[PDB]
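In this text, residue positions in the sequence shown follow full-length UniProt numbering: the first is 1025, and each later residue adds one. Note that CB positions come from ideal geometry on N, CA and C, so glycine has one too. Encoded as structure tokens, the structure appears first; notes follow it.
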Amino acid sequence: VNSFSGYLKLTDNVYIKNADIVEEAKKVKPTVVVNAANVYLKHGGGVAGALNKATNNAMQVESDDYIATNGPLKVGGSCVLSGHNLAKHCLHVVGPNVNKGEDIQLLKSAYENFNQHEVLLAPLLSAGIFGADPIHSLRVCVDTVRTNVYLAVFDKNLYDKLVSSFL
Ligand SMILES: O=C(c1cn[nH]c(=O)c1)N1CC[C@@](CF)(C(=O)O)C1
């Protein structure tokens, strides 16, 4: 038993809700919140900008130190950093950004990072400003992640489309 509430169960291990991931994280304090990161951990917009804003820019400060030490992430890769006031940990995961021409097949590699964590609150990778089809992203998620994932979808309209079209 865990503290996630109001989720629709899609599969044995994948759950989905129309929610703002920032507010969801603030209430649940999950062990892991996933950020839709880029390789530079520049949290300007989308989910990343919103999560970082909710940390009063502490996520960005920590991220800049991480990059200065380690260099950029790989597309499809991840790193674990602090969850600040939102979660114990933040798993920064880099999905491919279609608006940069990145290979969509890397989306499966990105979701594989979730399997290193037993339970996660997450957005749909490569959705939103990353330019992928959220329905494809949901399919890859279900077919790749084996751990328990609670997906927050900010847009009510997209949420309804994702549920109604789910196979
Ligand atoms: O991750 C986010 C997000 C969350 N909060 N603020 C943001 O700008 C972006 N996504 C993924 C797809 C999205 C709609 F395009 C949705 O979830 O409905 C937005």
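Asked                                                                                                           : Found
beta-carbon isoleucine 1045 near ligand 1 non-hydrogen atom, thresh 7 Å                                         : yes
When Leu1110, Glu1136, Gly1070, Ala1074 are compared against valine 1164, the one with the closest alpha-carbon : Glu1136
Burial state of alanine 1082 (16 or more Cβ within 10 Å)                                                        : exposed
Nearest residue (CA-CA) to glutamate 1126, options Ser1029, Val1063, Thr1035, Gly1095                           : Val1063
CB of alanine 1060 within 8 Å of CB of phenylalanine 1154, strictly                                             : yes
Rounded straight-line distance, which links the Cα of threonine 1055 to that of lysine 1132                     : 23 Å
Contiguous beta strand (DSSP E) assignments of at least 3 residues, all confined to the segment 1086-1131       : 1102-1106, 1113-1117
Exposure label - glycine 1095; buried when at least 16 CB within 10 Å                                           : exposed
Residue span of the alpha helix (DSSP H) that contains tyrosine 1183, given as start and end                    : 1180-1188
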